[PDB]
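Asks: Hey, dropping entry.cif in here, mmCIF, C-alpha atoms:
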data_entry
#
loop_
_atom_site.label_atom_id
_atom_site.label_comp_id
_atom_site.auth_asym_id
_atom_site.auth_seq_id
_atom_site.Cartn_x
_atom_site.Cartn_y
_atom_site.Cartn_z
CA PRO A 342 -12.08 -26.16 -26.76
CA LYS A 343 -9.91 -29.23 -26.02
CA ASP A 344 -9.70 -30.01 -22.31
CA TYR A 345 -6.59 -32.25 -22.30
CA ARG A 346 -6.54 -34.29 -19.07
CA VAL A 347 -3.65 -33.03 -16.96
CA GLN A 348 -2.46 -35.46 -14.31
CA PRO A 349 -1.66 -33.96 -10.85
CA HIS A 350 1.96 -35.15 -11.13
CA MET A 351 2.38 -32.49 -13.83
CA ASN A 352 3.20 -28.82 -13.19
CA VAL A 353 1.06 -26.09 -14.75
CA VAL A 354 2.42 -22.55 -15.06
CA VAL A 355 -0.81 -20.92 -16.25
CA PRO A 356 -3.04 -18.43 -14.43
CA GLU A 357 -6.83 -18.46 -14.81
CA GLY A 358 -7.86 -16.42 -17.83
CA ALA A 359 -4.39 -16.22 -19.36
CA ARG A 360 -3.33 -15.66 -22.97
CA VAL A 361 -1.82 -18.54 -24.99
CA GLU A 362 -1.14 -19.14 -28.71
CA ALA A 363 0.12 -22.30 -30.49
CA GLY A 364 3.71 -21.90 -29.17
CA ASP A 365 3.51 -21.47 -25.38
CA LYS A 366 3.50 -24.58 -23.13
CA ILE A 367 0.58 -24.71 -20.70
CA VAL A 368 0.83 -27.83 -18.53
CA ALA A 369 4.61 -27.79 -18.09
CA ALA A 370 4.99 -31.12 -16.27
CA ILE A 371 7.77 -31.56 -13.69
CA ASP A 372 8.85 -34.33 -16.03
CA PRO A 373 9.88 -33.25 -19.56
CA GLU A 374 8.71 -34.82 -22.86
CA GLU A 375 5.07 -35.56 -23.83
CA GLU A 376 4.08 -32.48 -21.78
CA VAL A 377 1.33 -30.53 -23.52
CA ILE A 378 2.26 -27.61 -25.73
CA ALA A 379 0.05 -24.71 -26.76
CA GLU A 380 -2.88 -26.18 -28.64
CA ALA A 381 -3.97 -23.44 -31.03
CA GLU A 382 -4.83 -19.95 -29.81
CA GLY A 383 -6.97 -18.29 -27.13
CA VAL A 384 -7.27 -17.95 -23.37
CA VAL A 385 -6.87 -20.73 -20.76
CA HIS A 386 -9.07 -22.04 -17.93
CA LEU A 387 -8.56 -24.30 -14.89
CA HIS A 388 -11.12 -26.87 -13.80
CA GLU A 389 -11.54 -29.21 -10.80
CA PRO A 390 -9.00 -27.88 -8.27
CA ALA A 391 -8.41 -30.49 -5.59
CA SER A 392 -8.73 -27.74 -2.98
CA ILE A 393 -10.66 -24.48 -3.02
CA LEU A 394 -9.23 -22.51 -0.12
CA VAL A 395 -10.46 -19.07 0.90
CA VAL A 396 -8.23 -16.53 2.65
CA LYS A 397 -8.79 -13.15 4.29
CA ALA A 398 -6.22 -11.77 1.87
CA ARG A 399 -7.06 -9.03 -0.58
CA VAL A 400 -6.33 -9.09 -4.30
CA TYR A 401 -4.01 -6.51 -5.84
CA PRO A 402 -3.09 -7.41 -9.43
CA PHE A 403 -0.09 -5.99 -11.31
CA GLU A 404 1.39 -5.95 -14.81
CA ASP A 405 5.00 -5.12 -13.89
CA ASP A 406 7.28 -3.99 -11.03
CA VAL A 407 7.34 -6.14 -7.89
CA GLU A 408 8.97 -4.18 -5.06
CA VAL A 409 7.25 -5.56 -1.97
CA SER A 410 8.74 -8.97 -1.19
CA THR A 411 7.17 -11.91 0.67
CA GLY A 412 6.16 -11.88 4.33
CA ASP A 413 6.20 -8.21 5.27
CA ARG A 414 3.40 -6.49 7.19
CA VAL A 415 2.41 -3.75 4.77
CA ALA A 416 0.48 -0.80 6.17
CA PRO A 417 -2.71 0.51 4.45
CA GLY A 418 -1.09 2.74 1.84
CA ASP A 419 2.39 1.31 1.38
CA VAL A 420 3.15 0.67 -2.28
CA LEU A 421 2.99 -3.04 -3.13
CA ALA A 422 3.67 -3.18 -6.87
CA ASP A 423 3.08 -1.43 -10.23
CA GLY A 424 5.59 1.28 -9.32
CA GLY A 425 3.00 3.13 -7.26
CA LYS A 426 -0.48 2.36 -8.59
CA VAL A 427 -0.82 -0.72 -6.38
CA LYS A 428 -1.08 -0.16 -2.63
CA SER A 429 -2.23 -2.36 0.27
CA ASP A 430 -5.30 -1.63 2.38
CA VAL A 431 -4.39 -3.75 5.41
CA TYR A 432 -1.39 -5.15 7.30
CA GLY A 433 -0.19 -8.74 7.12
CA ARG A 434 2.02 -11.08 5.14
CA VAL A 435 2.29 -10.29 1.47
CA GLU A 436 2.39 -13.46 -0.61
CA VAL A 437 3.62 -12.62 -4.12
CA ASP A 438 2.35 -14.97 -6.80
CA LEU A 439 4.25 -14.38 -10.05
CA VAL A 440 2.34 -17.34 -11.50
CA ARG A 441 -1.04 -15.59 -11.33
CA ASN A 442 0.75 -12.24 -11.61
CA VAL A 443 -0.81 -10.84 -8.43
CA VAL A 444 0.38 -9.77 -4.99
CA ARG A 445 -1.97 -10.38 -2.08
CA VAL A 446 -1.74 -9.60 1.63
CA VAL A 447 -3.32 -11.71 4.39
CA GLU A 448 -5.20 -9.27 6.64
CA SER A 449 -3.47 -9.82 9.98
CA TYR A 450 -1.88 -7.75 12.72
CA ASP A 451 0.76 -7.82 15.45
CA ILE A 452 -1.80 -7.43 18.22
CA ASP A 453 -0.29 -7.71 21.69
CA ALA A 454 -2.45 -9.90 23.87
CA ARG A 455 -2.15 -11.88 27.08
CA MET A 456 -4.06 -14.24 29.35
CA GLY A 457 -4.43 -14.84 33.05
CA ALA A 458 -2.94 -12.47 35.60
CA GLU A 459 0.22 -11.37 33.78
CA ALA A 460 -2.28 -9.99 31.29
CA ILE A 461 -3.81 -7.78 33.96
CA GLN A 462 -0.61 -6.87 35.83
CA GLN A 463 1.09 -5.14 32.93
CA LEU A 464 -2.16 -3.34 32.10
CA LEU A 465 -2.18 -2.17 35.72
CA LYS A 466 1.36 -0.88 35.37
CA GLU A 467 0.41 1.01 32.20
CA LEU A 468 -2.55 2.66 33.97
CA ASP A 469 -1.66 6.31 34.49
CA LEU A 470 -3.23 7.38 37.77
CA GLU A 471 -2.54 11.01 36.83
CA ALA A 472 -4.44 11.55 33.55
CA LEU A 473 -7.33 9.36 34.66
CA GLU A 474 -7.82 11.59 37.70
CA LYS A 475 -8.45 14.69 35.58
CA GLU A 476 -10.45 12.71 32.97
CA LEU A 477 -12.84 11.49 35.65
CA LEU A 478 -12.68 14.84 37.46
CA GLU A 479 -14.46 16.15 34.36
CA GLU A 480 -16.41 12.90 33.87
CA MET A 481 -17.98 13.45 37.30
CA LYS A 482 -19.35 16.95 36.66
CA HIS A 483 -20.13 17.57 32.97
CA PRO A 484 -21.95 14.25 32.36
CA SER A 485 -25.35 13.45 33.84
CA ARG A 486 -26.42 10.87 36.43
CA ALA A 487 -25.68 8.07 33.95
CA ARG A 488 -21.91 8.57 34.07
CA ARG A 489 -21.93 10.35 37.45
CA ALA A 490 -22.37 7.28 39.67
CA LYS A 491 -19.68 5.64 37.56
CA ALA A 492 -16.97 8.31 38.00
CA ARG A 493 -18.15 8.76 41.60
CA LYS A 494 -17.00 5.39 42.89
CA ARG A 495 -14.33 5.18 40.20
CA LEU A 496 -12.30 8.29 41.07
CA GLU A 497 -12.08 7.58 44.82
CA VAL A 498 -10.28 4.31 44.10
CA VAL A 499 -7.40 5.79 42.09
CA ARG A 500 -7.34 8.82 44.41
CA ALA A 501 -6.83 6.29 47.21
CA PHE A 502 -3.93 4.68 45.34
CA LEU A 503 -2.26 8.04 44.85
CA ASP A 504 -2.20 9.11 48.50
CA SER A 505 -0.76 5.74 49.50
CA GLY A 506 2.62 4.93 47.99
CA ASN A 507 1.40 1.56 46.77
CA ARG A 508 1.04 1.30 43.00
CA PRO A 509 -1.95 -0.78 41.74
CA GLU A 510 0.54 -3.14 40.10
CA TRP A 511 1.20 -4.51 43.60
CA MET A 512 -2.27 -6.11 43.66
CA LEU B 115 -9.74 0.75 38.40
CA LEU B 116 -9.08 -1.09 35.12
CA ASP B 117 -12.54 -0.31 33.67
CA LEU B 118 -13.35 -3.93 32.79
CA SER B 119 -16.80 -5.45 33.32
CA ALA B 120 -16.87 -5.66 37.14
CA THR B 121 -17.46 -9.41 37.22
CA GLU B 122 -17.90 -10.98 33.77
CA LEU B 123 -14.90 -9.61 31.84
CA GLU B 124 -12.76 -10.18 34.92
CA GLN B 125 -13.45 -13.89 35.43
CA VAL B 126 -13.52 -14.49 31.66
CA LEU B 127 -9.88 -13.55 31.05
CA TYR B 128 -8.58 -13.97 34.59
CA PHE B 129 -8.62 -17.80 34.73
CA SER B 130 -9.29 -18.90 31.13
CA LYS B 131 -7.03 -18.44 28.12
CA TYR B 132 -9.44 -15.73 26.99
CA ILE B 133 -7.14 -13.18 25.37
CA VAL B 134 -7.16 -9.63 26.77
CA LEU B 135 -6.86 -6.73 24.37
CA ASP B 136 -4.26 -4.58 26.15
CA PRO B 137 -2.08 -2.19 24.03
CA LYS B 138 -1.86 -2.20 20.19
CA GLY B 139 -4.12 -3.46 17.44
CA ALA B 140 -5.91 -1.74 14.59
CA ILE B 141 -7.40 -4.58 12.47
CA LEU B 142 -11.07 -5.19 13.16
CA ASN B 143 -13.95 -7.65 13.06
CA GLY B 144 -16.44 -4.95 12.02
CA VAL B 145 -15.73 -2.21 14.58
CA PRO B 146 -12.24 -0.58 14.96
CA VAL B 147 -9.60 -1.68 17.53
CA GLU B 148 -10.80 -2.21 21.08
CA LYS B 149 -8.79 -0.13 23.54
CA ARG B 150 -9.57 -2.11 26.70
CA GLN B 151 -12.30 -4.52 25.57
CA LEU B 152 -11.87 -8.28 25.30
CA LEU B 153 -11.96 -10.84 22.52
CA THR B 154 -12.38 -14.61 22.57
CA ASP B 155 -9.66 -17.27 22.48
CA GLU B 156 -10.88 -17.88 18.97
CA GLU B 157 -11.00 -14.23 17.81
CA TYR B 158 -7.30 -13.66 18.53
CA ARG B 159 -5.90 -16.85 17.02
CA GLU B 160 -8.27 -16.66 14.05
CA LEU B 161 -7.31 -13.03 13.47
CA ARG B 162 -4.02 -14.20 11.95
CA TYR B 163 -5.92 -16.44 9.51
CA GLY B 164 -9.40 -15.09 8.91
CA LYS B 165 -11.12 -17.38 6.41
CA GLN B 166 -7.80 -19.17 5.82
CA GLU B 167 -9.33 -22.67 5.55
CA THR B 168 -8.42 -25.38 3.05
CA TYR B 169 -11.53 -27.04 1.58
CA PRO B 170 -10.58 -30.32 -0.17
CA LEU B 171 -12.48 -31.33 -3.29
CA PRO B 172 -13.14 -34.86 -4.57
CA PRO B 173 -12.02 -35.77 -8.12
CA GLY B 174 -14.48 -35.12 -10.96
CA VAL B 175 -16.04 -32.32 -8.92
CA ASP B 176 -15.17 -29.08 -10.76
CA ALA B 177 -15.97 -25.85 -8.88
CA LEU B 178 -18.33 -22.87 -8.81
CA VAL B 179 -15.57 -20.28 -8.54
CA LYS B 180 -12.73 -19.64 -11.00
CA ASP B 181 -9.55 -19.16 -8.95
CA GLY B 182 -9.13 -15.72 -7.40
CA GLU B 183 -12.71 -14.66 -6.68
CA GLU B 184 -14.58 -13.00 -3.77
CA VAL B 185 -16.67 -15.42 -1.68
CA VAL B 186 -19.56 -14.96 0.73
CA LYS B 187 -19.75 -16.50 4.22
CA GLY B 188 -21.75 -19.63 3.41
CA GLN B 189 -21.59 -19.34 -0.39
CA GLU B 190 -21.20 -22.72 -2.09
CA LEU B 191 -17.58 -22.60 -3.21
CA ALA B 192 -17.94 -25.92 -5.02
CA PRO B 193 -20.70 -28.41 -5.77
CA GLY B 194 -19.52 -30.48 -2.79
CA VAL B 195 -18.14 -27.86 -0.41
CA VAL B 196 -19.86 -25.07 1.56
CA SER B 197 -17.42 -22.39 2.79
CA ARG B 198 -17.81 -21.02 6.33
CA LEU B 199 -16.22 -17.57 6.01
CA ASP B 200 -16.04 -14.65 3.58
CA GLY B 201 -13.01 -13.40 1.63
CA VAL B 202 -11.58 -14.37 -1.74
CA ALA B 203 -11.44 -17.85 -3.27
CA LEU B 204 -8.26 -19.48 -4.53
CA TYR B 205 -7.45 -22.73 -6.35
CA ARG B 206 -4.88 -25.38 -5.52
CA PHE B 207 -3.98 -27.88 -8.26
CA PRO B 208 -5.21 -28.50 -11.82
CA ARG B 209 -6.80 -31.63 -13.26
CA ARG B 210 -8.71 -30.16 -16.22
CA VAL B 211 -8.16 -27.31 -18.73
CA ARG B 212 -11.29 -26.61 -20.83
CA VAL B 213 -11.05 -23.55 -23.08
CA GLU B 214 -11.52 -22.48 -26.74
CA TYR B 215 -8.57 -23.55 -28.96
CA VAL B 216 -8.83 -22.82 -32.73
#
Translate this structure into structure tokens?

Replies:
Amino acid sequence: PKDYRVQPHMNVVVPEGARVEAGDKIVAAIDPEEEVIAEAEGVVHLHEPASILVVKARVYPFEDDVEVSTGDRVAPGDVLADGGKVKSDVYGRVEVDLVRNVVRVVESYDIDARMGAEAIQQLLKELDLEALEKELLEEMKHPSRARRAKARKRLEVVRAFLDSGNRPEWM
Amino acid sequence: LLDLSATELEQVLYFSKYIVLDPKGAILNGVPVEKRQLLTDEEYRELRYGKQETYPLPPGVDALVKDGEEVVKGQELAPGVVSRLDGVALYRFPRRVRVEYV
């Protein structure tokens, strides 16, 4: 095992635990010449990374076929790679890494979310006075005293907004 | 009317920047999407980058994790860095390549 000190100003197109024999360049420096070539046979390892960064992405390796491109929110099930054997489990940007031969997706979502009063106003608009009336109309009777006092004061409010002509968005 | 906590939840998101969880969402922090519940100014922002934190390493300080590899919240990523969130580990740039060569 010969380490060979690779300076940071040199590119390296080798994934961790790769396969290399005496003909395939490992540290392929940005600059040509003197750059290390394949020293003998075997696998390859990478030591002392300047930064070890964790990400809430998930790892989905592949051997061939890269259909899903970079930056698309992929839903839990949508085929990522490998024709169809590789599928995501969560939404978020898919960062393909041909270097390490693996496509990963950063678990993120397009959650709508506001602050202050414009946050509440729109939510007040969305509130359907109709359905809630029946929902509570049942929530008042079937449940016990625990939910009873809740729906009790709760229903009268909406009921008051209905027989009024003034939507609760006006608040 | 809006089934929020009568006083607390109100004040919390009413004046502050404390994100309200109105429509949409499905991704979680342990329990599925909150329909009307609230989440902190940190929860929201940090949802787009869970664990996504760069942990710089000094030279001559190898690692304890080989590239792509699942980490635990608090697990020593390196012998000089202690990660503060779960997920997978990833490298950055190479300085050493030690491996069997016939």

Asks: Could you jot down the atom CA of residue 183 of chain B to atom CA of residue 370 of chain A separation for me, Å, one decimal place?

Replies: 26.0 Å

Asks: Any idea what's packed within 9 Å of residue 186 of chain B, counting all atoms listed in the file, ignoring anything in its chain fewer than 4 positions away? Could you give it as an MDAnalysis selection string?

Replies: chainID B and resid 190:191 197:202

Asks: For residue 444 of chain A, which residue out of A:399, A:414, A:350, A:466 is the nearest one, using only C-alpha atoms?

Replies: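 Of the candidates, the smallest distance to residue 444 of chain A is held by A:399.
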
Asks: Tell me which of A:504, A:423, A:375, A:389 sits closest to chain B, counting only C-alpha atoms.

Replies: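 Of A:504, A:423, A:375, A:389, the one nearest chain B, counting only C-alpha atoms, is A:389.
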
Asks: Quote the spacing between atom CA of residue 347 of chain A and atom CA of residue 443 of chain A in Å to one decimal place.

Replies: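 Between atom CA of residue 347 of chain A and atom CA of residue 443 of chain A the gap works out to 23.9 Å.
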
Asks: Point out the residue among A:346, A:451, A:402, A:441 with the least atom-to-atom distance to residue 376 of chain A, counting all atoms listed in the file.

Replies: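 The shortest atom-to-atom distance to residue 376 of chain A comes from A:346.
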